[PDB]
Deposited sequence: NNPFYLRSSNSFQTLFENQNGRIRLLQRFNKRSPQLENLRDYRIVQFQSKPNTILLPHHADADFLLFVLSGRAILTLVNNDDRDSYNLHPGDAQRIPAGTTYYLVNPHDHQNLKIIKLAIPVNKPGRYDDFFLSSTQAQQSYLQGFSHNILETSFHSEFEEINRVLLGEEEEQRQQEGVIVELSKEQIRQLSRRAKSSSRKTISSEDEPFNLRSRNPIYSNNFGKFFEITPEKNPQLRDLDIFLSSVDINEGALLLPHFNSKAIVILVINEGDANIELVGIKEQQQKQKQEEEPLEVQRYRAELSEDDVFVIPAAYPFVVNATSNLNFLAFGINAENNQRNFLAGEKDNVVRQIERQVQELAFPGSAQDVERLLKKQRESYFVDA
């Protein structure tokens, strides 16, 4: 029983689901273990949709940091006087500020669309709600939460004309994810500003994580990372975003983040993971696809890919965070201590500890 490990088979909850897609909502990081109390303002959401589909317009009382894992998406935020569409390619991340009206389009003809978004609620710490303008057989419109009179007066129309057209009390769709026509998706898809190299530092438009050189790259893995220091949208939430690939056989060298609580959601592959906290204590767990693991601050952990692996991470409390590795060449903390202290720290000689710490010639990603 690993309180920091959430098995996707019994730790998500499906909000809506039909033949065109499903939306799933992770449970609450502190109802799992109160050790996770400082994540109580966060939730993980997973969205998947078949090709040629639309998530009907809606808003929620929560900041959204959405990241596109695979597929292509049209993200359209509607304002009161304005509108903004965006063409999302894999790797792209975008913030939906709380209570924006927005719909998602999957224009691809044969590929799905998988989005994980980080959700920070406004009203209730950890708990949020989805407001759907649309009138579906699944959900009532929140327009229906008003009275006949208040609707009549507000639309300057009698109630049948506003019922035959807005609410529909057989005429209305089956779900909050429905199919589209190609003539629609053709018309929709032409005005959507897409991600670029010059967006790595924009307060509006979506940025791509991988579009820059990783920070860690070798023949066994690559470590893409954007931090609050480079991107204003992330400075506002104080979160780093990282996508790292781990080739099968290889592993990520045991390390700890200095001050950041990391939320990693496995995207592809399998992996084992070892975490140490306090007399020491090992937190191992066997992660497959769509699972989630969370690493407390300054908690050293190893990620061991037992198949071809890519995960996404969320770094909570990400300002000025430092990754300290414990083995390998570059960015070792144990190889920076004064020699006479290394003598004193472990039962060994300065030369004898200097022997063991220099052996491993490679840094970050080694082979197993």
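Task: Where the deposited sequence has no C-alpha coordinates (positions from 1, in order) - done: Gaps vs deposited seq, in order: 170 to 172, 282 to 295.
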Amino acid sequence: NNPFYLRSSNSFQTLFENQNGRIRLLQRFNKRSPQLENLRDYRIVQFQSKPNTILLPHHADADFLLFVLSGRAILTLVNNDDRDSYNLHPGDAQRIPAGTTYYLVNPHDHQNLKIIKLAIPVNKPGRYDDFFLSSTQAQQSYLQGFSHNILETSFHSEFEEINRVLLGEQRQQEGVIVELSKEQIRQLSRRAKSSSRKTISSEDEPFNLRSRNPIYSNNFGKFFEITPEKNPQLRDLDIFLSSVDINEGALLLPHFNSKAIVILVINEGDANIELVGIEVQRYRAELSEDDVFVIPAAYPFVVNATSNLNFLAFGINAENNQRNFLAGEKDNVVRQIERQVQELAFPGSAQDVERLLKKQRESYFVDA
From here on, numbers count along this sequence of modelled residues.
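- [ ] Would you mind comparing 336 to 344 and 36 to 44 for me and telling me which has the higher average C-alpha temperature factor in the entry?
- [x] The entry gives the higher C-alpha B-factor average to 336 to 344.
Open item on the list: When the Cα temperature factors in the entry are averaged, is it 83 to 91 or 97 to 105 that ends up higher?
Closed with: Here the higher of the two C-alpha B-factor means belongs to 83 to 91.
Task: C-alpha B-factor winner, where the candidates are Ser243, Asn149, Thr227, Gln184 - done: Highest CA B-factor of the listed options: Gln184.
- [ ] Please pick out which of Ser157, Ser258, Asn219, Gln233 has the largest Cα B-factor as recorded in the entry.
- [x] The record points to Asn219.
- [ ] Could you say whether, by C-alpha temperature factor, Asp63 belongs to the lowest, middle or highest third of its chain?
- [x] CA B-factor rank for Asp63: lowest third.
Task: For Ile120, the third of its chain into which the C-alpha B factor falls - done: As the PDB entry reports it, the C-alpha B-factor of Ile120 lands in the lowest third of its chain.
- [ ] Among all modelled residues of this chain, ranked by Cα B factor, put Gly168 in the bottom, middle or top third, i.e. lowest, middle or highest.
- [x] For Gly168, the deposited C-alpha B-factor lands in the highest third.
Task: CA B-factor placement of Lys114, once the chain's modelled residues are sorted into thirds - done: Middle third by C-alpha B-factor.
Task: Chain third (lowest, middle, highest) by recorded CA B-factor, residue given as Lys198 - done: For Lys198, whose C-alpha B-factor we compare with every modelled residue in the chain, the answer is the highest third.
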